[PDB]
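Enquirer: Return atomic coordinates for the entry below.
(chains A and B, ligands or ions: 4)
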Amino acid sequence: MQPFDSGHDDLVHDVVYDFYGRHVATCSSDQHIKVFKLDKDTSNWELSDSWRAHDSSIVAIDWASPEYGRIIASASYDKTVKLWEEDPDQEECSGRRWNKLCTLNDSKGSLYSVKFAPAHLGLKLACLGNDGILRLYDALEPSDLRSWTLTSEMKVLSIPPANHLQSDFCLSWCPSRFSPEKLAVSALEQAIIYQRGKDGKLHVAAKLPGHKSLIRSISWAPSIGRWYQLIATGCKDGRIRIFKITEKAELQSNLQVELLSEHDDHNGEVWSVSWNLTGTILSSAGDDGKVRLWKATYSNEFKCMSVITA
Amino acid sequence: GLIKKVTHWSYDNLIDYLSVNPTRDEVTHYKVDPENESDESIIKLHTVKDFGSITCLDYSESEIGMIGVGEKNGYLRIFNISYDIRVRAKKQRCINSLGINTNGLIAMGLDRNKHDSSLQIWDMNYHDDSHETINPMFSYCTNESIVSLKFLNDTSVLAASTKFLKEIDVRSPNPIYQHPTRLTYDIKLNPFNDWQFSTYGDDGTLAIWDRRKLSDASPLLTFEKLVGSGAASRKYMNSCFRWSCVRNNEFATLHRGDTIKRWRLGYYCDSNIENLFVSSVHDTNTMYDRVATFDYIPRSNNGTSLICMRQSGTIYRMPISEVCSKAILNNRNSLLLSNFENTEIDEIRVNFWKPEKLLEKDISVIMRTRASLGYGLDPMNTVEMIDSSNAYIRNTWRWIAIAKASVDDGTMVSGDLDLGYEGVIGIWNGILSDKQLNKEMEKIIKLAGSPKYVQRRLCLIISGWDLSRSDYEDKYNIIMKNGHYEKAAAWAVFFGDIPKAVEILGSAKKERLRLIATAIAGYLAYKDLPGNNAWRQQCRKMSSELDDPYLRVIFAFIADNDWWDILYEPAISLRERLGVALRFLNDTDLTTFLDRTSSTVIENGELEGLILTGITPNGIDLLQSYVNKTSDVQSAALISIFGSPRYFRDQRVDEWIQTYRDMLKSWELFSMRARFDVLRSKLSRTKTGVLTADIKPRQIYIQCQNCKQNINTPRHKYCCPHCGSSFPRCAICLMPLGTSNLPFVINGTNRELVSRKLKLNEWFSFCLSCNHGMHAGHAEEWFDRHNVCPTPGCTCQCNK
Ligand SMILES: [Zn+2]
Ligand SMILES: [Zn+2]
Ligand SMILES: [Zn+2]
Ligand SMILES: [Zn+2]
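Expert: Numbering: from 1, shown residues only, chains lettered A, B, ... in the order given. Ligands and ions are numbered 1, 2, ... in the order given. Let me share the structure:
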């Protein structure tokens, strides 16, 4: 383990890799976005740019597909999503290396999660805040990447939560070019899979059962070529639920969800859950201070292999 | 119990604290070192014991040691710990609150009296020392009961009564505002933003306020029943709610003496008053139960520790663990850990299992290493790569090499039937006529003792076992040179030449092998004696106990002579098992063996079953089970491209191909992706010659200058097909584009590499933002000194 200081003056909220795995973007509550590049020679993380982004705390950022250029989304609590494009004709560590493209002033609530759709669906976005409204923003005009149009507006929650009650939201797209467009949307205690229908509008497709408490993280496993998809969920309970999905009104394919496993090893709240490139190693963080690594056995049962204390 | 954090006193890293015992009788001054997490870091310094019943406590920031203590009888005592004066109001009554300003001004909150002020503000330097009573400089809040107060500035004080909440400035006799609210109790200003304070009420309802909203009036937040109730009845209440002195927008609440909830808030500006809402709550279980009051301990690197006082009065120190907030995985199997407390980010590179060992043994980094090493492009190269640094992958790539060499040599592709990369099951099991397939198989062979001899010859051709005695001797010599004497002896027994096996294994180095050969020698006479006689018994026991699979095979065949004990264990090559089931077996039992082994390998997902199944739809099912077992989509794709789109079309092969191409892009192996694409194009050639691969479509459709139509609806001179007119000229030399053998050498900025560069520099090249064409060498030589398009009248920096 080699710890490197990101340099923020407050709590680092979200860290995301790029597609090539050599750039990391860190957002924080100090109203800053920092992009770190992995040097090939020194093999140490070094800062590329650090610029003020929002007027409130940034909680979710995402890299775009590398075939659409280098675009970083940024969803903060000031009801804005800002899209940032790199112009390489600027000096590093200056604040002008990443140029602003567009502000999405349509969300009436503090945004929690932002996600890009896979590259075969176009340059799409997915926003979710405490207003309970799922918004999809496309990029229709190819001449300028500043005219982003809202296309799908689906309501996840009937009424927004009060300010004193906590809430958490998370999103996960479907990394499958050979399956129709799917979207895993995590409400307060609900997990909904949304599928693109024949009419061009999203519809409710399946619901993941369980989840007696707040869902803290959702993650769709990469389809390496298997016939069943995997969704990993980390709840406010100690459960790392892994859902096995088999795909076969106005929907191109009906899909069935069966719970594959349920692990209580963390003894707390599973804050984050993630997947590998091939869907073989899961990583789960919890209140025990330990990050557990899960791999499937021969009998399709996930068993912990390493525990990393901190 | 009251633990109050006191700052502006110590000059070292120590943080001072003041404590009141749960029986409300003494005031204790502590000193806590934050960098040491032991319970011995708390140092008890002094204890003033002459107190009746403490109700409130306050300290002085400017002067070190000056501590005021209120009491229920009415005696306020101002003294030092690191003089001693007792003061009281003109009309004696209980003291609820107390405040000492920075400039030494002292305020006081009293009970309700109809002839006296409950907010007495006075200075101790202008106080007559001969009287216990105080003469106040400023008197406020007559006929009221002030329960909590706090000095905001050097002149303004924020006082809370039983039915009002006021901010009173000493420079004006009229208060700034009065907001009627019932949540008027212990005021804790936010140390990072003075405009925010938080009180609670009699019903336990906590409320975080903003002074500007009250100035102008709703509370900014309201938590129903968060703290202990009964605030009016009891004057000795523990502090179970604290603001955060380590970071902004945070507060800790202690619930039931067991857990501390660290609520973290989020803010947004409606556009300067920040509206607040709850973002995350973190629960920390205490080390010891029954905790009444608690307080923070700021440490280095944004750390947090909590000093807590139990109901028995024991004071201890408890740290806050580093809980990971984000664990993300890379394509290179790299873990990145983000904490909820500090700022630093932890990384475990690939460079109970160890985490580094698991991420180094995962199939993602295995596939990355193989793809960087050049896996799948040439099967002989894969065999050499596997041998140079598990073994079933080598055995299933040896068959791919054999079948590919046989197809590329034209041995199989002749006749009306293709039969390339066909399986033993399909060949031996038959399926436009039986006579037609028999005669075409005969014409393939022309290049018994059984009804189907030509099928056996086809199976030996497919398996690569169609060999003569000289070929077997050459194989023995090759395996002897490679150093696997056990494998050489096993192959010699597979052919059936046991004296040859004895001769091969005896001419070795290792005495262990010479002993093994000596044991095997026995059989050269122990052939006509069917009976238990120890030698067979010991040989069966040794076949059970030896570790080498080939030696296990050789002993199980020598003793208790039976072919079935050789061709059922999976420890040896399936190609070798087919070689011994095709050379010495009856056709009645060969069908049973083939059916059992095929039905085994198809559901097990082993790659060695490609011997039996070939590159067929059943082979695609086998590869699908292999993927479901291992997620080795790299080997699945590199095996599937050997005849999936050439012979059929299934969605699973295209899915594996696209997945491997995306992974190769993610590892930045663009050269290997290009090699995979050209291999897919080369292996999709049909028997006629028609390509079946879904190649990349065209990206350039040049419009002709003369005819004004598409030129794509000549290896050295490209012209428009509609009218013959050539391409647009270069912008540097005004010569036509797309033609080689130029009368000059474009020397743009190992002589073979230089010649390739000189012949590459004369290619087509155009900017996609202004549409002006150049030679490649012309652009390379021209953009090293200029930064504008060379065409006149164009303003476009084509370099960047
Ligand atoms: Zn033309
Ligand atoms: Zn030219
Ligand atoms: Zn130009
Ligand atoms: Zn240009």
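Enquirer: okay, how far is it across stretch A:36-43, tip to tip?
Expert: End-to-end span of stretch A:36-43 (C-alpha to C-alpha, to the nearest Å): 12 Å.
Enquirer: what's that stretch in contact with?
Expert: Contacts to stretch A:36-43, defined as C-beta atoms under 8 Å, 6 or more residues apart in numbering or on different chains, come from residues A:4, A:6, A:22, A:23, A:24, A:25, A:26, A:45, A:46, A:47, A:48. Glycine gets a C-beta too; all of them are placed from N, C-alpha and C.
Enquirer: Pull out the buried members of the residues you listed.
Expert: Buried members of these, scored by 16 or more other C-beta atoms under 10 Å in any protein chain shown, are A:6, A:22, A:23, A:24, A:25, A:26, A:45, A:48.
Enquirer: sorry, back to before: could you list which of the contacts of stretch A:36-43 also contact ligand 3?
Expert: Among the contacts of stretch A:36-43, proximity to ligand 3 is found for none (C-beta under 5 Å from the ion).
Enquirer: Going by distance to ligand 4, which of those wins?
Expert: residue A:48 (27.7 Å; C-beta to the ion).
Enquirer: What's the local residue count around the residue nearest to residue A:5 when sequence neighbours are not counted?
Expert: Leaving aside its sequence neighbours, residue A:5 sits nearest to residue B:344 (C-beta to C-beta, 6 or more residues apart in numbering or on different chains; 4.7 Å). Neighbour count for residue B:344, taken as other C-beta atoms under 10 Å in any protein chain shown: 19.
Enquirer: Please apply the same query to the one 3 residues further on.
Expert: Under the neighbour criterion other C-beta under 10 Å, residue B:347 is assigned a count of 18.
Enquirer: Tell me the spacing between it and ligand 4.
Expert: The gap separating residue B:347 from ligand 4 is 42 Å, by C-beta to the ion, to the nearest Å.
Enquirer: which residues are contacting whatever helix or strand that residue lives in?
Expert: Using DSSP states H and E, residue B:347 falls within strand B:345-348. Counting by C-beta under 8 Å, 6+ apart, strand B:345-348 makes contact with A:1-6, A:12, A:15, A:24, A:26, A:45, A:308, A:310, B:334-339, B:355-356, B:359, all of which sit outside it.
Enquirer: And those residues, which of them are buried?
Expert: Using 16+ other C-beta under 10 Å, the buried ones in those are A:6, A:12, A:15, A:24, A:26, A:45, A:308, A:310, B:334-339, B:355-356, B:359.
Enquirer: In the stretch 101-250 of chain A, mark out all the strands, start to finish.
Expert: A:111-116, A:125-129, A:133-139, A:148-155, A:170-173, A:182-186, A:191-196, A:202-207, A:215-220, A:228-235, A:240-247 (DSSP state E, counting those that start in this stretch).
Enquirer: Does the fifth one reach chain B?
Expert: If I follow you right, that is strand A:170-173. No. Counting by C-beta under 8 Å from any C-beta of the partner chain, chain B has no neighbours in strand A:170-173; the shortest distance is 11.9 Å.
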